[PDB]
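The file final.txt comes next; it holds compact mmCIF, C-alpha atoms.
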# COMPACT_ATOMS: atom_id res chain seq x y z
CA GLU A 1 36.22 -15.06 -46.66
CA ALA A 2 35.38 -18.72 -46.10
CA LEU A 3 34.79 -18.53 -42.35
CA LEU A 4 32.07 -15.88 -42.63
CA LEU A 5 30.49 -17.89 -45.47
CA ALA A 6 30.61 -21.06 -43.36
CA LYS A 7 31.18 -18.39 -46.05
CA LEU A 8 32.21 -15.46 -43.88
CA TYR A 9 35.07 -17.41 -42.29
CA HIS A 10 36.30 -18.91 -45.54
CA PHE A 11 36.40 -15.46 -47.13
CA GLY B 1 29.59 -14.69 -77.81
CA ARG B 2 28.53 -11.09 -78.46
CA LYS B 3 28.45 -7.62 -77.04
CA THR B 4 24.87 -6.32 -77.10
CA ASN B 5 23.01 -3.36 -75.66
CA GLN B 6 21.17 -5.71 -73.30
CA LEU B 7 24.31 -7.50 -72.13
CA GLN B 8 25.90 -4.08 -71.58
CA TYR B 9 22.90 -3.23 -69.40
CA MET B 10 23.31 -6.52 -67.48
CA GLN B 11 26.98 -5.74 -66.81
CA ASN B 12 26.85 -2.01 -66.12
CA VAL B 13 23.43 -1.72 -64.42
CA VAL B 14 22.20 -5.08 -63.12
CA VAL B 15 25.46 -6.64 -61.89
CA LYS B 16 26.79 -3.23 -60.81
CA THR B 17 23.69 -2.62 -58.66
CA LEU B 18 23.53 -6.15 -57.24
CA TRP B 19 27.23 -6.34 -56.38
CA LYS B 20 26.96 -3.32 -54.06
CA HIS B 21 23.98 -4.70 -52.14
CA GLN B 22 24.50 -5.50 -48.45
CA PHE B 23 23.29 -9.10 -48.98
CA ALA B 24 25.17 -9.86 -52.21
CA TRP B 25 28.38 -11.24 -50.72
CA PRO B 26 27.36 -14.95 -50.38
CA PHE B 27 26.90 -14.95 -54.17
CA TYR B 28 30.31 -13.46 -55.07
CA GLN B 29 32.04 -16.81 -55.78
CA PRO B 30 31.15 -20.47 -56.45
CA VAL B 31 30.05 -22.45 -53.41
CA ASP B 32 33.07 -24.48 -52.29
CA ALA B 33 31.30 -27.52 -50.90
CA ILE B 34 34.41 -29.07 -49.34
CA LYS B 35 35.69 -25.88 -47.72
CA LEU B 36 32.28 -24.85 -46.33
CA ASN B 37 31.46 -28.43 -45.17
CA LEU B 38 28.38 -28.99 -47.38
CA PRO B 39 28.95 -32.61 -48.47
CA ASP B 40 25.55 -33.05 -50.17
CA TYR B 41 25.74 -29.81 -52.17
CA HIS B 42 26.73 -31.34 -55.54
CA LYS B 43 24.32 -34.26 -55.15
CA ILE B 44 21.49 -31.67 -54.86
CA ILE B 45 22.77 -28.88 -57.16
CA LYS B 46 23.78 -30.22 -60.57
CA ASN B 47 24.45 -26.83 -62.24
CA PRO B 48 26.25 -24.42 -59.89
CA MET B 49 26.15 -20.72 -60.63
CA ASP B 50 27.22 -17.52 -58.85
CA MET B 51 27.36 -13.81 -59.55
CA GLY B 52 31.15 -13.75 -59.81
CA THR B 53 30.94 -16.26 -62.65
CA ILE B 54 28.18 -14.17 -64.26
CA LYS B 55 30.33 -11.04 -63.95
CA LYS B 56 33.32 -12.77 -65.59
CA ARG B 57 31.10 -14.13 -68.38
CA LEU B 58 29.89 -10.60 -69.15
CA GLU B 59 33.51 -9.36 -69.01
CA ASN B 60 34.78 -12.07 -71.40
CA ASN B 61 31.82 -11.70 -73.83
CA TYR B 62 30.74 -15.28 -73.12
CA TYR B 63 27.02 -14.76 -73.71
CA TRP B 64 25.42 -14.54 -77.12
CA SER B 65 22.25 -13.04 -75.58
CA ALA B 66 21.12 -11.39 -72.37
CA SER B 67 18.54 -14.20 -72.25
CA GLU B 68 21.43 -16.53 -71.30
CA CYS B 69 22.68 -14.14 -68.64
CA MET B 70 19.22 -14.00 -67.08
CA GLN B 71 19.06 -17.81 -67.09
CA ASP B 72 22.34 -17.84 -65.15
CA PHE B 73 20.79 -15.54 -62.53
CA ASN B 74 17.73 -17.79 -62.40
CA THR B 75 20.00 -20.81 -61.84
CA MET B 76 21.90 -19.05 -59.05
CA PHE B 77 18.73 -17.98 -57.22
CA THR B 78 16.87 -21.28 -57.63
CA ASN B 79 19.97 -23.25 -56.57
CA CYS B 80 19.82 -21.30 -53.33
CA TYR B 81 16.11 -21.98 -52.83
CA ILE B 82 16.54 -25.70 -53.57
CA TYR B 83 19.61 -26.33 -51.39
CA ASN B 84 18.53 -24.25 -48.38
CA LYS B 85 15.47 -24.10 -46.16
CA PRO B 86 12.86 -21.40 -46.92
CA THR B 87 13.65 -19.72 -43.57
CA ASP B 88 17.45 -19.83 -43.84
CA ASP B 89 19.05 -16.40 -43.79
CA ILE B 90 20.72 -16.94 -47.16
CA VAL B 91 17.29 -17.54 -48.71
CA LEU B 92 16.04 -14.18 -47.43
CA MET B 93 19.19 -12.63 -48.93
CA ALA B 94 18.53 -14.31 -52.29
CA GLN B 95 14.95 -12.98 -52.24
CA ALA B 96 16.14 -9.43 -51.56
CA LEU B 97 18.58 -9.58 -54.48
CA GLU B 98 16.08 -11.25 -56.79
CA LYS B 99 13.67 -8.39 -56.03
CA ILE B 100 16.24 -5.83 -57.18
CA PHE B 101 17.14 -8.06 -60.11
CA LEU B 102 13.49 -7.93 -61.22
CA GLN B 103 13.21 -4.14 -60.96
CA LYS B 104 16.37 -3.63 -63.03
CA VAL B 105 15.40 -6.14 -65.72
CA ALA B 106 12.04 -4.37 -66.13
CA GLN B 107 13.95 -1.29 -67.34
CA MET B 108 16.19 -3.22 -69.75
CA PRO B 109 15.85 -2.10 -73.40
CA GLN B 110 13.32 -4.40 -75.03
CA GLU B 111 15.21 -4.95 -78.31
CA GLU B 112 18.63 -6.65 -78.32
CA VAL B 113 21.11 -5.26 -80.86
CA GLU B 114 24.73 -6.29 -81.25
CA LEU B 115 27.40 -3.69 -80.62
CA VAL C 1 12.69 -11.60 12.13
CA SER C 2 14.05 -15.08 11.44
CA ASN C 3 14.97 -14.61 7.75
CA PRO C 4 15.84 -11.07 6.61
CA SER C 5 16.17 -12.06 2.95
CA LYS C 6 15.62 -9.84 -0.08
CA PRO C 7 15.25 -10.59 -3.80
CA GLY C 8 18.41 -11.06 -5.82
CA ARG C 9 19.28 -8.02 -7.91
CA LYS C 10 22.02 -6.98 -10.27
CA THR C 11 24.36 -4.12 -9.58
CA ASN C 12 23.74 -0.91 -11.50
CA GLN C 13 26.83 -1.65 -13.60
CA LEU C 14 25.67 -5.20 -14.34
CA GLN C 15 22.20 -3.98 -15.26
CA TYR C 16 23.91 -1.45 -17.55
CA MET C 17 25.96 -4.19 -19.21
CA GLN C 18 22.77 -6.15 -19.95
CA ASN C 19 20.24 -3.49 -20.95
CA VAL C 20 22.69 -1.12 -22.67
CA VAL C 21 26.00 -2.70 -23.68
CA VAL C 22 24.81 -6.14 -24.83
CA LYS C 23 21.51 -4.84 -26.24
CA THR C 24 23.41 -2.31 -28.38
CA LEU C 25 25.96 -4.86 -29.59
CA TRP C 26 23.37 -7.57 -30.30
CA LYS C 27 21.51 -5.10 -32.54
CA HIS C 28 24.66 -4.22 -34.53
CA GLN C 29 24.84 -5.28 -38.18
CA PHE C 30 28.18 -7.07 -37.71
CA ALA C 31 27.42 -8.83 -34.42
CA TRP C 32 25.92 -12.03 -35.88
CA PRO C 33 29.23 -14.02 -36.09
CA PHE C 34 29.39 -13.65 -32.29
CA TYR C 35 25.90 -14.88 -31.34
CA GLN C 36 26.90 -18.52 -30.73
CA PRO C 37 30.00 -20.52 -29.77
CA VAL C 38 32.37 -21.27 -32.63
CA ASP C 39 31.65 -24.81 -33.90
CA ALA C 40 35.07 -25.81 -35.23
CA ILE C 41 33.80 -29.09 -36.70
CA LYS C 42 30.78 -27.60 -38.50
CA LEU C 43 32.79 -24.58 -39.68
CA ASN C 44 35.82 -26.65 -40.75
CA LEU C 45 38.24 -24.67 -38.64
CA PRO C 46 41.74 -26.17 -38.28
CA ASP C 47 43.33 -26.07 -34.84
CA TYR C 48 40.64 -23.85 -33.28
CA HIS C 49 40.61 -25.45 -29.82
CA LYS C 50 44.37 -25.92 -29.93
CA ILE C 51 44.85 -22.13 -30.26
CA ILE C 52 41.70 -20.86 -28.49
CA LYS C 53 41.58 -22.48 -25.08
CA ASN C 54 38.93 -20.19 -23.47
CA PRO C 55 36.08 -19.90 -26.00
CA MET C 56 33.57 -17.11 -25.51
CA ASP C 57 30.66 -15.65 -27.42
CA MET C 58 27.91 -13.07 -26.97
CA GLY C 59 25.20 -15.72 -26.65
CA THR C 60 27.00 -17.04 -23.58
CA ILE C 61 27.45 -13.53 -22.16
CA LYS C 62 23.76 -12.78 -22.78
CA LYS C 63 22.65 -15.96 -21.02
CA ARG C 64 25.05 -15.58 -18.11
CA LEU C 65 23.40 -12.20 -17.56
CA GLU C 66 19.83 -13.52 -17.84
CA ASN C 67 20.68 -16.48 -15.58
CA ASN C 68 22.48 -14.31 -12.96
CA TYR C 69 25.81 -16.08 -13.50
CA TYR C 70 27.68 -12.81 -13.01
CA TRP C 71 28.16 -11.22 -9.62
CA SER C 72 30.17 -8.24 -10.90
CA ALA C 73 30.27 -6.24 -14.14
CA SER C 74 34.05 -6.71 -14.31
CA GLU C 75 33.54 -10.42 -15.02
CA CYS C 76 31.21 -9.54 -17.89
CA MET C 77 33.78 -7.13 -19.35
CA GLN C 78 36.42 -9.85 -19.10
CA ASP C 79 34.22 -12.24 -21.08
CA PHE C 80 33.81 -9.56 -23.76
CA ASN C 81 37.56 -9.06 -24.00
CA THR C 82 38.08 -12.81 -24.26
CA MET C 83 35.59 -12.91 -27.13
CA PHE C 84 37.27 -10.12 -29.10
CA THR C 85 40.84 -11.27 -28.51
CA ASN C 86 40.09 -14.90 -29.45
CA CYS C 87 38.86 -13.60 -32.79
CA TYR C 88 41.97 -11.39 -33.21
CA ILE C 89 44.29 -14.27 -32.30
CA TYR C 90 42.83 -16.98 -34.49
CA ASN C 91 41.93 -15.16 -37.71
CA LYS C 92 44.16 -13.29 -40.11
CA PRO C 93 44.27 -9.52 -39.52
CA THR C 94 42.77 -8.71 -42.92
CA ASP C 95 39.78 -11.08 -42.45
CA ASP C 96 36.34 -9.45 -42.44
CA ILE C 97 35.44 -11.14 -39.16
CA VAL C 98 38.32 -9.30 -37.45
CA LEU C 99 37.16 -5.93 -38.79
CA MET C 100 33.68 -6.88 -37.59
CA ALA C 101 35.05 -7.74 -34.15
CA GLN C 102 36.97 -4.44 -34.09
CA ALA C 103 33.86 -2.46 -34.98
CA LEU C 104 31.94 -4.12 -32.13
CA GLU C 105 34.77 -3.56 -29.65
CA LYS C 106 34.79 0.16 -30.43
CA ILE C 107 31.08 0.41 -29.62
CA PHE C 108 31.73 -1.76 -26.56
CA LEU C 109 34.51 0.55 -25.34
CA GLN C 110 32.35 3.59 -26.09
CA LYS C 111 29.39 2.19 -24.16
CA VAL C 112 31.54 1.15 -21.18
CA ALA C 113 32.80 4.75 -21.02
CA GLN C 114 29.19 5.98 -20.62
CA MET C 115 28.82 3.64 -17.63
CA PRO C 116 28.30 4.84 -13.98
Can you turn what I pasted into structure tokens?
Amino acid sequence: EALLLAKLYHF
Amino acid sequence: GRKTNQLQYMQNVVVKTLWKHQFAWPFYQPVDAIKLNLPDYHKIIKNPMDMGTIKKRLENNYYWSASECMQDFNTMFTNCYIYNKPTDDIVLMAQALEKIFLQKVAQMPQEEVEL
Amino acid sequence: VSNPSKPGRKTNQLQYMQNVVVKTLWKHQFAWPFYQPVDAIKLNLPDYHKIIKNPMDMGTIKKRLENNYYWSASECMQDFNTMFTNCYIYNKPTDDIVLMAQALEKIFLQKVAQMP
């Protein structure tokens, strides 16, 4: 989530 | 808050279509400025909005009119254009979704009637 | 003949890695998280360099190819495996970025099979 956002990484 | 034909259209046609788009995912949830390391985000964006919040508002009959739902989309898209650079990838994603948003709204029933 | 030199050239396998394997992966829809080194500060990633001691990314593999860093295709394959496994090690198995890594590795393994 967050990591892609960083959005991908953080889902 | 109401259920109307137009708000039904926004939930079952506009949000349904946008949610499946390949570029929709950055708009699924509110920007978490701490987690994503965007420390100026809330000094620049005073009224956050995202498509997950829009979807919940439709689901909880929050809106009195589809006019308000469309404003929420406008806020989400223009927040993206204000915070980010015109050549950032997320801006090109927002433009793709706003293009589909526009084509779906054009086919919305013109008269709003409460269910 | 005082200097029987000849121009540096890649092996056929190394040329294949560059023009086929990396080209195909770079063009994949899910490759973009792997274009640049992980920036643990910018991306707010706890303990990244504690856990991942040999960072690797496709941008580095691409440039090592274009700058003739490699002398054998096996080194390039090792860098690819380091990239994939770092992502498997650090992230949770359900995370999208892992499924993205897995999709790229499948195409990587498929392309390496096609190799001379």
Residues within 9 Å of residue 3 of chain A, only C-alpha atoms, excluding chain neighbours under 3 positions, as a ChimeraX atom specification: /A:6-11 /B:36 /C:43-45,95,97
Pairwise distance for atom CA of residue 4 of chain C and atom CA of residue 72 of chain C, rounded to one decimal in Å: 22.8 Å
Expected answer as number ranges by chain: chain B residues within 10 Å of chain C, only C-alpha atoms: B: 34-38
C:14, C:20, C:73, C:99 ranked by distance to chain A, top pick (using only C-alpha atoms): C:99
Polymer residues at most 10 Å from segment 74-85 of chain C, all atoms listed in the file, same-chain spacing of 5 or more positions, as a PyMOL selection string: chain C and resi 13-14+17-18+21-22+34+37+52+54-58+60-62+64-65+69+90+98+100-102+104-105+108-109+112
Straight-line distance linking atom CA of residue 87 of chain B with atom CA of residue 48 of chain C, stated in Å to one decimal: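 Atom CA of residue 87 of chain B sits 29.2 Å away from atom CA of residue 48 of chain C.
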d(atom CA of residue 43 of chain B, atom CA of residue 24 of chain B) in Å: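 About the pair atom CA of residue 43 of chain B and atom CA of residue 24 of chain B: they are 24.6 Å apart.
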Among the residues B:73, B:113, B:101, B:7, the one that comes closest to residue 59 of chain B [using all atoms listed in the file]: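 Among the listed residues, B:7 lies closest to residue 59 of chain B.
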Which centre and edge lengths in Å to one decimal define the box along x, y and z that fits every listed atom of segment 3-8 of chain A plus 5 Å per side, as JSON?
{"center_x": 32.6, "center_y": -18.3, "center_z": -44.2, "size_x": 14.3, "size_y": 15.6, "size_z": 13.7}
Best match for closeness to chain A among B:115, B:18, B:13, B:31, counting all atoms listed in the file: B:31
